[PDB]
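> Begin with these chain(s), straight out of the complex:
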Amino acid sequence: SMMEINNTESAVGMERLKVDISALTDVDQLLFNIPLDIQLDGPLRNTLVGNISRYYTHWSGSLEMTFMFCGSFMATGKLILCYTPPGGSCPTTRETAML
Amino acid sequence: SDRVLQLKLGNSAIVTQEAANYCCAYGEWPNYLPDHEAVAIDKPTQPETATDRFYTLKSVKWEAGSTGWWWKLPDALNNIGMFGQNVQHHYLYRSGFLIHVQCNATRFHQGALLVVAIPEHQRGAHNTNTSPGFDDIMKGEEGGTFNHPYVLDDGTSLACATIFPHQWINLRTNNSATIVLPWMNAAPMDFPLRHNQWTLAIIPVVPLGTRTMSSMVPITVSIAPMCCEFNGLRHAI
Amino acid sequence: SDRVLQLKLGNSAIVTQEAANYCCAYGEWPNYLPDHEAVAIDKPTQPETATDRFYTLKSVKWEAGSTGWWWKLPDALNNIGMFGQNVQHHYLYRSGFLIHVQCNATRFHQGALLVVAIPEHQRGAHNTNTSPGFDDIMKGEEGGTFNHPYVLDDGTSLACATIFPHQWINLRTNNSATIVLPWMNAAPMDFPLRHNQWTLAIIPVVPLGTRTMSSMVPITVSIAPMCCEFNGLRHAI
Amino acid sequence: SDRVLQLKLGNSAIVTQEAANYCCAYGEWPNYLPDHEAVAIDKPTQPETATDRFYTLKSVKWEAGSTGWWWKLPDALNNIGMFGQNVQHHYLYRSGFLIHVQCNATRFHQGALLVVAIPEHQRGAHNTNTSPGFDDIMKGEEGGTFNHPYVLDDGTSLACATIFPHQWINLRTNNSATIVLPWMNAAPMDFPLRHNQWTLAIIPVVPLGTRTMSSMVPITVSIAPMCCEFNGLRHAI
Amino acid sequence: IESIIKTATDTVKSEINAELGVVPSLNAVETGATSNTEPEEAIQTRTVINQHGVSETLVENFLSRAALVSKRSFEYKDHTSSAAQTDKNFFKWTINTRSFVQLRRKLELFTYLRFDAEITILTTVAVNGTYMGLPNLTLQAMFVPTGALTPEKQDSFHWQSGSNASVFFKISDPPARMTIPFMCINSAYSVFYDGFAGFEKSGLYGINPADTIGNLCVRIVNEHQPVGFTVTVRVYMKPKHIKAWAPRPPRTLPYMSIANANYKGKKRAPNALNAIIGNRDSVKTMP
Amino acid sequence: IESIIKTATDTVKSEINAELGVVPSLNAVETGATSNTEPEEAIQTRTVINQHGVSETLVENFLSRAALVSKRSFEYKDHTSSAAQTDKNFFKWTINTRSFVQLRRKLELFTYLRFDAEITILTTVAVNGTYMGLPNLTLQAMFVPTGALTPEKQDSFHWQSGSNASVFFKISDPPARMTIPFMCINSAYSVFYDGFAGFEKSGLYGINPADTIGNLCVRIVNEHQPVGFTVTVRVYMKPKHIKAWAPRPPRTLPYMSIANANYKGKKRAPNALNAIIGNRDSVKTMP
Amino acid sequence: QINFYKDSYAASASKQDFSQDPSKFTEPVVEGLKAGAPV
Amino acid sequence: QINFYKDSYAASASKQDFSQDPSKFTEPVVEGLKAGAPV
């Protein structure tokens, strides 16, 4: 089920469920990041994995994030989707995140 | 292979060349009512090719500021063809549905439609304590428009609406969605004019956008009832 | 079939949908050093998932007047992650490499990249008798740029450089190249900070050109070391 | 027989000629995490000779008014060698420890060191309600000094501290103590930078005394991690 | 393929994977299917024997929690000079699971439900006031079905209960506990009813007539004391033998009425109409 | 060698012992081992068939004693003109085994514990005052886990308890008794945690986040009487099905806080900082 | 467990139904997808 | 003894575990000591 990754101001209603990506002129650039807090009011809260889990206190197991690209057919592109285990802070450069 | 699909029901066929591996709702296929589940004791009529066939609704204009579209079943078909005449002359109906939704555009258009079939979509109104009236629910063949598609017009969420039987029309991948609905009720048959059991919802999660020549892109809905039974023959309304 | 490819090493995966049937260098696959070929008698460390994984380098801007790009292995990875820490703390290394090069553009762009892996690319300077210095060879993660890509910066020829393990990224056919390099030396293990064994070279034989909207097209290099062994543990430099 | 002992781990050996029949903590030997006890599902790295080896800490000066010394594991080793680099680049660790403590003097010196390994030595402060801060607990390679070794700095007693895995360095009998610690936690793996599981404590129950020439007698601590596993690879801090 | 899952699934060790034609991490959301990418196919895993049971997320256990469904304080006194709008030693309640939103959001995670209702009735007494002690009052909770007549007074002849099921219980006793069967005239309760109750177009929207249980009429069997008491009755429903069908998105906006599914949302995020999750500065902003 | 010991060991008769090479009474403490000198090897013993059982020093029996863990008097009255710092017909309690030092010193004889908690709740009522009698009040002890919301008032909507486990009990009843399972996310409770709770360096020292149980919120379900009552609730924990690991020296100095292991010691011996055993005149002084 | 009533709905909660079929919600498509083959 | 609950942690205290291994605290050394032979 959909994540509200675009939980920002000036994202009104159904615009919150999508992340608009554009052509950039710098390399290795960050697009978005997802706070993995389900207990806190973040992008994972109003999901089927989020709402049912908040009736419970403890949780275990693997999560899968699926990203559907909704550009045109003539849109090409390559993304990297990094998951960083805790212990540090969040990675901000792609050199740091692909580790 | 799984991108081409011909759906033949009755005297109606639909071919499509960008499909997306059609959805059977809850893994279930439509059947007739078996004898161990029947209630109404009279012999049902089963007009097979006369009703189990694709009925094409009026197309809606997919536009820039669109919120969404919804049709309630069998209300969208209660006045079309021989399915509509069997509804008006009988007290009970029982059918599953084969919904095929069509929306194509060029390879320079983008957009994503959530084509979701919602069982018992008991709608709510906005900012009032009054329940939705009869004319707010029973739209017929025209269908309705989502007031707030983000909450599915019932206080729930569009985000979690993928728990229902759904497909997507992503314009870069496919141009059609097909959902095969079984009978979905608490009872075996039902009065079709005061109860809708499936709401077909089509929602722009990603809006239509391109920078090429701005043609009209519509969204067309073809719904085939499947395994129609009708009980309690009387006059028409 | 052979146009899609997922490369899973460690905690890293790379999917690509326009591949070109990846290259195994000289028909060889990376292995660990066997006992009948070993020299250094101490027990090696084999950090399997910690080092055998894709490390993504900094992307380079494929532009109009580009001559080429080169990265020397393992110099490009001597300071990245746990592969870099094992290099700094050990005297000997032994690994093969899985290089995946990414470059996509639209169906209106043209261009051809020779993605060639050169064993022992002993460079030369231009118009001087002086050998290339340390800073002209050991560029690290940044890599270098071909001064004269037509002669491969060593007096040889770009034309005959298809004798080496190579692929092409022709933008109308594919958007990725993958070369699987084994251990390539005269000795079994090697000191990684004073010897490079593979040079990944990416060369514009056909330049980038289109008449559509001029986006930035970069070239990204992901290199996975394979079957890493390290011998001669000490302090770091 | 049981007074001589060579401990070979990795590229490190330690011989001692006055040993005292080394201690296995709770009768347990270090192992790797088995599949029926594992939690983290990714493949761990097991750098065997790179991390399972003796790391020698800084020696402390056994003096006349000494109260004691303590090192917390793995905090004392989180920044040493390839064990430290695996700690900084991973989220989880799992290891046992082989602690060898060295203290020799002449046959005219006396003294007794309680070399005790304390699981989960949750320290306390003196004469305040404030918990010990981060800099009061995480001393790193330097270690700490007992404020009140008689109560083990936690309100308990030094007298009953022989319930823990311990040995003694009595200078008339031996000059070394060796304790082999297994994994000691409630969970299978652990975050090494916010949790210490073993505290090596060395305490002067009998102080150093002689009437011969007053040399410096130090106490040296060599700790070998054993059966190191690391999970959750990321960048370093 | 239906199978009996008592613990969570185990993980198998996996190797270096590099194969043409095989892209396990690529998917098609457009099919309407969830991604079938395994952890073994995305990273290199180890063998994990997983012993974590799944028995607490069973729909039986998820719904068999006793939740409050009704709550009335009503004055127990002489009601001669009292208003006609006031409860006069008794009350009536049309039985529904919509009045309290803890149970309501939980039951609306499903389209159809079939359960037996274990009904627990708790009674509290409190003096209006001087304080003299709490009386051990006897209460009658009578179950009046649909079409049967409800009492209009406390000494009425409807409390005779020749066929209505009454329960007579005291305040000092343990709380009165019965079990209402699966009572619907259909094979499941319609938690949502996309339809109208009657054949005329003036019928109510959103309530199945099959969902109609009836009335719970509770009186104090005692005659009134010389002083007044505030008697609070709390009714607790605990579903059991649950079969549940066709799960739904949870209610995100605050409820407005028990009669319908109308929404307003909160004034700001979270749980507002145009924002369900509270806002951050940008999509690349991490707290 | 692990073996089943149900009674204490027997004594065997022994003879005159005079043998070279054999010194059973000489030992090496430096090895870290306890002396293995037998009574048969030190004196001449007789045969004693020892029938003394060991079943009362079992860790199960040593810890399965119901001990007090919580205690609150709180006023049951109308709380309109009361301070915000006062308990207003309800209280909250973050559940811990550190507040009372009888159980705390006993549980801190071990490093790790794994037990089920049999929780007994005793309630006492007393009139503030004239005396008129004690009311049979109904209490709700609701178990609020970590991350769930706690009630802020006595008539709050958190007491609806759609999924929280509540228990409704009266003062005149026997005390309310439940069982909390082994609740930790690890395989044992860390009685001592040599570490920090968060990933930032401002986290608390000495408390495992896995050790966090939650909140015990107890209210009086009754509305307030015309007079005031002081209601005291005592919560008793009884560990059961105990597995215990790695025993520790007992706490000798008096505790200072429930949050840590800080020490001051008494002013003089016994149990002072520089003297745990009270002093005698000399080591050769016998009372 | 203990049920001394003549009606079978009076019994305690039946908490032993460990059957699952997630594929009626996660794979409702007509063609069973492979593990790594493209769709 | 009497346990009419569906959860096995609800049972009474299990006071029948008479296994001991004192040698993990009293003889934790690697070489098993003799009775009278010197160490």
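All right, it came through fine. Numbers count the residues shown, from 1 in each chain, chains lettered A, B, ... in the order given.
> OK, contacts around the closest residue to chain A within chain G?
Using C-beta to the nearest C-beta, the closest approach of chain G to chain A is made by residue G:25 at 9.4 Å. For the C-beta atoms, the positions are set from N, CA and C on the backbone; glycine is no exception. Going by C-beta atoms under 8 Å, 6 or more residues apart in numbering or on different chains, residue G:25 touches B:26, B:163, E:34, E:247.
> The third one should be in a strand, yeah?
No. In this structure, residue E:34 is coil, not part of a strand, as judged by DSSP: H, G, I helix; E, B strand; the rest coil.
> for residue E:166, helix, strand, or coil?
Recorded secondary structure, residue E:166: strand (three-state DSSP).
> Could you count how many residues lie near whichever residue of the stretch 1-150 of chain E sits closest to chain H?
The stretch 1-150 of chain E approaches chain H most closely through residue E:55 (9.9 Å), counting by C-beta to the nearest C-beta. Residues within reach of residue E:55, counting by other C-beta atoms under 10 Å in any protein chain shown, total 14.
> Correct me if wrong: it contacts residue E:61.
Yes. Here residue E:55 reaches residue E:61: they are 6.9 Å apart, a contact under C-beta atoms under 8 Å.
> hey, what's in contact with both of these two?
By C-beta under 8 Å, 6+ apart, the residues touching both residue E:55 and residue E:61 are residue G:15.
> still on that earlier bit, any idea how far the residue of chain G closest to chain A lies from residue B:203?
Per C-beta to C-beta, to the nearest Å, residue G:25 is found 19 Å from residue B:203.
> show me what contacts the residue of the stretch 1-150 of chain E closest to chain H?
E:6, E:61, G:15, G:18.
> out of these, what pair is the most spread apart?
Checked with C-beta to C-beta, those reach their widest spread between E:6 and E:61, with 13.5 Å between them.
> So which of those two has more stuff around it?
Neighbours were counted for residue E:6 and for residue E:61 using other C-beta under 10 Å; residue E:61 has more, 13 against 10.
> How about chain G: which residue is closest to chain B?
Going by C-beta to the nearest C-beta, chain B is nearest to residue G:24 of chain G, at 4.1 Å.
> Would you list the phi and psi of that residue?
The phi/psi pair for residue G:24 (degrees, to the nearest 10) reads phi -80, psi -10.
> Excluding chain neighbours, give the residue nearest to it in space.
By the measure of C-beta to C-beta, 6 or more residues apart in numbering or on different chains, the closest residue to residue G:24 outside its immediate chain neighbours is residue B:27, 4.1 Å from it.
> Just confirm that neighbour contacts residue G:28, I think it does.
Yes. Here residue B:27 lies in contact with residue G:28, judged by C-beta under 8 Å, at a distance of 5.7 Å.
> more neighbours, the two?
Taking other C-beta under 10 Å, residue B:27 and residue G:28 do not tie; residue G:28 has more neighbours (23 against 17).
> add chain I to the structure above:
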Amino acid sequence: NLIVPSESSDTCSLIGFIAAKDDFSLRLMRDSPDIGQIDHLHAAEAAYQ
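So that you can see how it sits with the rest, here is chain I on the chains above:
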């Protein structure tokens, strides 16, 4: 990089989903922090009138 031609829309969109896997497990049920009433659902008092 996101590289589109001139007639495609220069800004493209992603929709991110999340599920759990079949090794996922939940325990220790509590009330959900999401829902909350304060006073007066409409027609709730009319169920007593």
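> please look at the neighbour count of residue E:55 again, because chain I has been put in.
Neighbourhood size, residue E:55 [other C-beta under 10 Å]: 16.
> So in chain I, which strand runs the longest?
strand I:11-20 (DSSP state E).
> what about dumping the CA coordinates of that one to PDB?
The C-alpha coordinates for strand I:11-20 follow below in PDB (Å, rounded to 0.1, in the frame of the first residue of the first chain):
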ATOM      1  CA  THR I  11       8.900  15.900 -14.300                       C
ATOM      2  CA  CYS I  12       8.100  12.300 -13.700                       C
ATOM      3  CA  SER I  13       6.600  10.600 -10.700                       C
ATOM      4  CA  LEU I  14       7.300   7.700  -8.300                       C
ATOM      5  CA  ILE I  15       4.700   5.900  -6.200                       C
ATOM      6  CA  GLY I  16       6.200   4.000  -3.300                       C
ATOM      7  CA  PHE I  17       4.500   1.000  -1.700                       C
ATOM      8  CA  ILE I  18       5.300  -1.000   1.400                       C
ATOM      9  CA  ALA I  19       4.200  -4.400   2.500                       C
ATOM     10  CA  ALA I  20       5.500  -7.000   5.000                       C
END
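> List the buried residues in it.
Neighbour-count burial for strand I:11-20 flags I:12-20 (criterion: 16 or more other C-beta atoms under 10 Å in any protein chain shown).
> quick one: residue E:206 and residue E:259 touch, right?
Yes. The pair residue E:206 / residue E:259 is scored as a contact, 7.1 Å apart, by C-beta under 8 Å.
> In terms of neighbours, single out the busier of the two.
Taking other C-beta under 10 Å, residue E:206 and residue E:259 do not tie; residue E:206 has more neighbours (25 against 21).
> From residue B:151, how far out is the more buried one?
In terms of C-beta to C-beta, residue E:206 sits 16 Å off from residue B:151.
> Now the host helix or strand of residue B:224: buried residues?
Element membership of residue B:224 [criterion: DSSP states H and E] is strand B:217-233. Across strand B:217-233, burial judged by 16+ other C-beta under 10 Å covers B:217, B:219, B:221-231.
> Distance to chain C added to these, as a markdown table?
Shown next, in a markdown table, are these (distance: C-beta to the nearest C-beta, whole Å):
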| residue | distance to chain C |
| --- | --- |
| B:217 | 22 |
| B:219 | 27 |
| B:221 | 32 |
| B:222 | 32 |
| B:223 | 34 |
| B:224 | 35 |
| B:225 | 39 |
| B:226 | 36 |
| B:227 | 40 |
| B:228 | 43 |
| B:229 | 46 |
| B:230 | 50 |
| B:231 | 53 |
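> Check which helices and strands the strand holding residue B:224 sits against.
Applying 3 or more C-beta pairs under 8 Å, 6 or more residues apart in numbering or on different chains; DSSP states H and E, one finds that strand B:217-233 makes contact with strand B:5-9, helix B:48-51, strand B:55-56, strand B:60-62, strand B:69-73, helix B:81-89, strand B:90-102, strand B:198-209.
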